[PDB]
Amino acid sequence: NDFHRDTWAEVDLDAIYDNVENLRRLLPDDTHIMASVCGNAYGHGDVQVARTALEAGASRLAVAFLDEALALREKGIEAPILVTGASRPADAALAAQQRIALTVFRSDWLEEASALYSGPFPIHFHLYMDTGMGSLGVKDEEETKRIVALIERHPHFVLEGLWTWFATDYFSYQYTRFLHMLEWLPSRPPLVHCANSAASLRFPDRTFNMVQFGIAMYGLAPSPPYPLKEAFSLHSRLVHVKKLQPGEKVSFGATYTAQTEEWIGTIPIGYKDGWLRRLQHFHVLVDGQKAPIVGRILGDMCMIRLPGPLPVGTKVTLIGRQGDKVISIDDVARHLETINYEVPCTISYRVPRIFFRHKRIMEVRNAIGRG
Amino acid sequence: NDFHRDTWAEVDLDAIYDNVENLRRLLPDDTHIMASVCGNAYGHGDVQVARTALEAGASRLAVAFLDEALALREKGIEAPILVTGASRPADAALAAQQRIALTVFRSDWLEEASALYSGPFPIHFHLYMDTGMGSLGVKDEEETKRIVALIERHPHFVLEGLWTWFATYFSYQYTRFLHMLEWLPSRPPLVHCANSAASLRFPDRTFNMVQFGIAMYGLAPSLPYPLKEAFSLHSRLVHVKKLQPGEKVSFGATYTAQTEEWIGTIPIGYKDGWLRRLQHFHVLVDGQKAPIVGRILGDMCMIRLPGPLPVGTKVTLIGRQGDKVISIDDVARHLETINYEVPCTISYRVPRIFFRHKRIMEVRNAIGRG
Amino acid sequence: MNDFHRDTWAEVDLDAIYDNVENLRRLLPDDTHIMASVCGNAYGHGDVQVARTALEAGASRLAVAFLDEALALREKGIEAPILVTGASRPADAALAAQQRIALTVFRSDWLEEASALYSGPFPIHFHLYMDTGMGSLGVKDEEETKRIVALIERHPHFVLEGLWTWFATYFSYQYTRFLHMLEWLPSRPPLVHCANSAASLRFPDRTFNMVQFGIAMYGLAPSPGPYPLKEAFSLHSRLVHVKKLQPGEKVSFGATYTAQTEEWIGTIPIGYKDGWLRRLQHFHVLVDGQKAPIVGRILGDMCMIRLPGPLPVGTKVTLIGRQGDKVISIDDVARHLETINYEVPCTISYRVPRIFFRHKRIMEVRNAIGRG
Amino acid sequence: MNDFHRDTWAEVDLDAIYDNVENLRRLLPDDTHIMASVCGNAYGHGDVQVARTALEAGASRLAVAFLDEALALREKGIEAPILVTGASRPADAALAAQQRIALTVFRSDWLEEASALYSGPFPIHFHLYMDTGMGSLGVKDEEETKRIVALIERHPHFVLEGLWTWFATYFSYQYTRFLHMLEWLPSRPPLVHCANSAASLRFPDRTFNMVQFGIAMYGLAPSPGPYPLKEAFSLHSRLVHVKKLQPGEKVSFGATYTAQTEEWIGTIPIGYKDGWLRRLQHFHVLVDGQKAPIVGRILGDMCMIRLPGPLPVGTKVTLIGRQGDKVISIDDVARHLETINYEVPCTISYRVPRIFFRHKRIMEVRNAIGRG
Amino acid sequence: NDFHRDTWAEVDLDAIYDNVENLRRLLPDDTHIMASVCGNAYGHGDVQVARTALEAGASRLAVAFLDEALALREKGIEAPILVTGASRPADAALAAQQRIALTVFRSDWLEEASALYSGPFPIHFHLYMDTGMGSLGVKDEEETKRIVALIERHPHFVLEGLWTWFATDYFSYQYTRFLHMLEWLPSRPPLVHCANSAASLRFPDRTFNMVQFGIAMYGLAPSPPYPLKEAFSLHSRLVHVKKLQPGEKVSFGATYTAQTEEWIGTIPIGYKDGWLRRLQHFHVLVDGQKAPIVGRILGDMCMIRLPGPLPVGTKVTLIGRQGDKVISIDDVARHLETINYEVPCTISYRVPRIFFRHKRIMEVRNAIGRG
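Protein chains in written order, with PDB author numbering: chain B, 2 to 169, 176 to 231, 238 to 384; chain C, 2 to 169, 177 to 230, 237 to 384; chain A, 1 to 169, 177 to 232, 238 to 384; chain A', 1 to 169, 177 to 232, 238 to 384; chain B', 2 to 169, 176 to 231, 238 to 384. A prime marks a further copy of an entry chain.
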């Protein structure tokens, strides 16, 4: 709800709405769109992103483990949800009562589940096929047969889907093998899909009747027809400004020595906020200009060298646009020497999220706010 | 409450209790101990750590910004709390109502607070003195005098204390503090400092309250009593694949087996705070050091097992497993950062299990139902 | 849980509220909004009940005296726009912004303070109150108006939504004086209104695209004097005891009372703690269709009335309202009290239940001190 | 959530309540209970706050005017015994019984009706109110007393807990008349008390093992005149606007006001909707330590005062209480209003926050219309 | 809380307090007392009875299945609780987090449990030994060994107890066999107990360090030093009375013909209240006299022939005392041709319970009351 530190993230839900609407137009009315909202929508806000996606065209959601699926249900999400990661056989009943589909990786798992669950709710499963270069998943025809047999036998089990993850030139091997495995099934599952496939993201396949719109939904390219809009931005404000004389010292994480007369500003964001120490020499946007982060990043604050004296309260943009200049997630990731996925995800619970929709503030989410 | 993924953190509150208890001895019965629980107790659990510290002898708590203090109050903590970072003057009433003390860095700030606030609750302020190498704080007698004047005049303003942060030399800042301290008409009820290697070791002051920083968590921020580490991180294998010589595995990149081996996948990734730079780090499984192979994904990472191991086998990322042990400093070293950052990065989606007296006290799942 | 356990209550006929506003909505052009005033818990009629009835009848905006009253409405489900017409603290702008509540500004100094202490993220809507020279507050000159306009245009989250004034009840002078102040603004604000203007309720005035239906919305003539206004508030109680007295007999109900002749005295459970002030000591109430004088001093929780012959316990007494062909209006009570009508319903305390009627059928009962 | 957003509030010094009762508890013998009266939301001081303070100071029982007030106390955690001193419905006996609330009985007919409609399972405690001849209600003869006694002894769940009367303020006559009515009972009831007896507050009277600390508990003399009583209620506001006027200048605040000379007028956010009635139009308030007259008519949410020279916005105005060496008591307000002290605090509306002080430190703030 | 039909049950908690206090005095300070509160305390009120028992001397509670144990925890009971009946292996985690001990009947069950549960809470088990004439339980040394092995291996499993049910002249066989089985355990479990043993209910055994105070705690003899006090009573009131002339007819469930001038009274209790139809010719107490139930018992009412005309509101006692006359549970059971256990248990949720303590009403429990 309300927050009391001048540091926050903004989530432009129109960027998310637009991205999904454009994909919904491109793909044939036959293909479903599954929106990925794991890790609290990659740090964007699980329920806010989920509703916007469903509203724009998505029809199903994907999360990493059971708790993320239960969080969506509790917050009012009624659309289908698939747990793409591992789960405990003992939780079958729970997932079943909550109408949450689960992915199966081993026949061994389904047997445990079929043995400790008798009903009354029907539980839907999706099989993850290991095409041969994976670390997990169904690996052979024998195993595939055991799984199919356990489902048709059990009165509450339902084989809803089949999918796999395509690594990114192994596409050949990983596809011919998949097509081969898909034939081991007596009949074609209601939903055939896959993840991390730029191919089925632009060109139609048809072997797949559901596409997984992963990180691209957030305007981030998963690997460096319509443009993608970035939805995440990060801001803060100067809470102090100190003028330094030449030669003067200031001990941030280490020791900084002013080479000339300059002004140092402190903003209330640090590595506890997910603004990692490696961003030690990155720059930020203040008063429309670029300003360098000097000295080490502290736990709850970091210092920036200002062009001249600015008043406390001046807005600082860490990720986003100011004037004609811009800083994107890729820029931050590049400086950190990591992938864009990791950036928004690392922005901790401590930082409130402000959601915009139709160029207008919709709501504020302060994970540690009162209530 | 409950959790449904085999990944979790453990917080030994006995480690917290003992660390505070030890410091409670070395310090004279006249000096308060202030426990810092900012950042949700550095990833350990704000209310849990807070209560434990208060039981072991601590009397006040410190957080970085107002929302953290308000959260501690909403959770039932009644002990005095000090906001060490910046706050908005327009929030003075809110702070006063909740009995939250605030740190003052400029006279302009108080000037605004004074005009915006009229009562009826009293607001306790702590003056932060800039000895010289800081990025903020009060530094001249002129401003210090303005602050003392604003408070005296205001019916609901109270100068509760003054402090400074000793960066790490110490000899200069010290005498400089004593000098600045003498500017005040009357010595404040509380005079404390933060990050003082000598305030821990040695008592004696000047200082009737010392800030037990990260040390309370058993992390050396760089003597006459041992410090216990209170944080451990664990997970379990959720799948095991056997590989033949030369067999390939397309993880985050291309990995090739060079012998018969088994690879275990654990349900923890970078979206959990287990950052990608840990791709060549070792974890603990079956009492042995197993290396993380390939790249660390968002929700999972792979490890070469010391041999065939069943699903469910317990994997320890930070902590002890039999004869082997992985400390926080170890992880920090690999990542090339400081220990502080490690636990603080373990995300909200990772449950914390609290132990007290060698036995499980509670579970907290930040995303559990309710 | 809205039950009550004392035979004393007030009745709020929401059909009267609905009809009064519906009539006004008919008269005014579609371009003209109707602002419904619901300060003071809708002048003792029930804030949320009156608000939604006024809204359903054609009103599109609400007005309250201070921030708390606005927050109370939002907490009770009201979503329509709300304007705080009285003073507020600069430091509460954020709270008001977060809650979509507009604030009235009377001094540039106030805005200067609010501008310096607020930075976002919600936009805050302001209405400037102009002092046309004979008031006790408000913007009075062009230089201050410009400073204000400047501050708003300069602040990214500040919005100039309206402008208004209160015409004292010398009107011709104020009206023209207001037109001058209007031109002091670069452009015309989204909403231009005024209050206490009987004229704006009789004839549509192109100058204002929003009119304030003050106390008249409750059927009370804001002054001495197009459509019929119906009152919505009545007050009732019941006899809880009756006693026959002989000539000369004394009774000490606050003061000494001597029965000049054989008579019957009834006691009803309502007193000054209920807002039925002591000054109503010799007013007449309705019982069994007859006017009966309240004799003796009014106590905190009860008062005695001289009855027109024997009557059983449980007999309905009407303090304000109709009984048979006899009627007692709020103005009748005000007159006896030597005060204005506005004050009567507002004084009927929080401990007197309000029974709401809609479509000639009970709708809800709200007992401010009931369990829950 | 007990924050408020208008600079107008009342203060309740619970130390005063504690001290007044503590003094009474010292005087009265251990066999004598003290009943604390908390009807009317503790005469506008806050029911639960005053109740528990009185209880902590030595009072062992509470009194309210009607059932709802008693249910409100129970819902707020009060466990001490409560007596409804006013009328109630026979059909509510079960509810009252279930909640351990005692009821006053004034007529045998009432008990007959309650006996016929209640059968259990909770016991219900009654206190008989005797009319000593000069009252307007209560049991008046021995035959009715016997019928009542009979009904109770006959009903398994009915209990005769007490007997009391109200001595008018002819006392010698009533006292003796009460002793006669007392002997009409087979045995002496567990509790025998009376109300409005200054005597019972000065000297211990073996006839009553429980005394009613009425309004005196609030530091208000129930009449004109052993221990010092301290007042617990003050009322405050702040200037929200100030305007300098020249000689002859006019201001229309309800009525026309002409400045006979250069002067400064301040406006505070409190009006008749807050219980600060219009009749207080020429009363004096405290501002900057000086007495200042309220000039012009009091509006619903504000009133203007003539200031002693220029003063900034935010200056504290004290309507009731002390400022410097000047003081304004409740009796001073009552006098100007031509009413009794009892009525003043009771009239200060539900929308004015009450700030409670205990041990010279703020304890809680209860804003009846605050969020929550 | 409140109820609005003149039919109710009274539970004298002093009867329960006294019974337990007397047993606590008799047994040595070494032996624990386990109070049985299954079936909502045999229709007496689970939480009310549990607290009273713990307060009088009991230290542990027993319920039939998991939900009854969870109901006690939710209502504030923190004392130990044992599920004496069957439970699902998948619920181990739940019982574990709630500190609820479970009974194990097969090694097969423990294996399923040990396989789907890894932690973090310790779960306590009690082994039910089948002495040879049971329908379930551990039957041999091999099975006993497997169970012991699974517990010591698993880091969270704890063997807390061992018990069995003694049928009631097979006591010999069922005891010598039990003593024999008890030796198969490496060490003696912390708690050794048994159920339905009148023997260990009066005379000390010592082989058992915990006695199960079953139905006797309620003042009911489980098979027809200090006396037992009956805690349950049932009442109602006449809601109508009709005078009949000789020869007159009234069609209750069937057809009743008045043989003479008589008065018929109707009370608002029927078989939906658990006042079964077979009580068709039982008698009840009204105005201190016995009165016969005439005509069939209806769903929500039943008729009684009154001595003379009584007013509506007159109290009717179905189980309890009026004047010098009394009706006990055994009387009702005898008429029904069943055991006393079944009577209070059958008194449905529809009938509120009024609890007394120290000859004073403590609280009312109306299962279908508002809230």
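Ideal Cβ positions, reconstructed from N, Cα and C, are used throughout, including at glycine.
Reduced DSSP category for residue i - H, G, I as helix; E, B as strand; rest coil
i               : result
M188 (chain A') : helix
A36 (chain B')  : strand
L241 (chain B)  : coil
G44 (chain A')  : helix
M224 (chain B)  : helix
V21 (chain B)   : helix
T273 (chain C)  : coil
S115 (chain B)  : helix
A51 (chain B')  : helix
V64 (chain C)   : strand
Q181 (chain B') : helix
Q335 (chain A)  : strand
Same chain, Cβ closer than 7 Å to residue i, five either side skipped, listed in chain order
i               : result
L71 (chain B')  : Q99
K328 (chain A)  : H248, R250
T268 (chain A') : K262
Opposing strand residues paired with residue i [DSSP bridges]
i                      : result
residue 234 (chain A') : Note on chain A': consecutive modelled numbers read 232 then 238, so residue 234 (chain A') has no coordinates in the structure shown.
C315 (chain B)         : B:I280
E376 (chain A)         : A:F368
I124 (chain B')        : B':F158
Own chain residues within Cβ distance below 6 Å of residue i, not counting five before or after
i              : result
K140 (chain B) : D131
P81 (chain A') : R61
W191 (chain C) : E142, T145
Neighbourhood of residue i by C-beta distance below 8 Å, restricted to the same chain and skipping five residues each side
i               : result
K303 (chain A') : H296, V297, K338
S230 (chain B)  : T169, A205
Inter-residue CB distance, residue i and residue j (contact presumed, cutoff 8 Å)
i              : j             : result
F265 (chain A) : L14 (chain A) : Contact doesn't hold; Cβ gap of about 36 Å is too wide.
Short CB-CB distance (under 7 Å) between residue i and chain E
i              : result
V263 (chain A) : Among the protein chains in the structure shown, which are B, C, A, A' and B', there is no chain E.
Item to check | Contact residues within the stretch 81-110 of chain C, judged by C-beta distance below 9 Å to chain A | outcome: If the cut-off is 9 Å between Cβ atoms, the stretch 81-110 of chain C has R89, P90, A91, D92, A93, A94 near chain A.
Item to check | Members of the stretch 112-123 of chain B near chain B', C-beta cut-off 8 Å | outcome: Hits within the stretch, in order: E113, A116, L117, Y118.
Next on the checklist: So if I threshold CB-CB distances at 8 Å, which residues from the stretch 52-84 of chain C count as touching chain B?
Outcome noted: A65, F66, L67, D68, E69, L71, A72, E75
Checklist entry - Which of the residues in the stretch 326-360 of chain B, read from start to end, lie with their CB under 9 Å from any CB of chain A? => result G326, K328
Checklist entry - In chain order, what residues of the stretch 4-33 of chain C put their CB closer than 9 Å to some CB of chain B'? => result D7, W9, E11
Checklist entry - For the stretch 271-285 of chain C, which residues have a beta carbon sitting closer than 9 Å to at least one beta carbon of chain B? => result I277, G278, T279, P281, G283, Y284, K285
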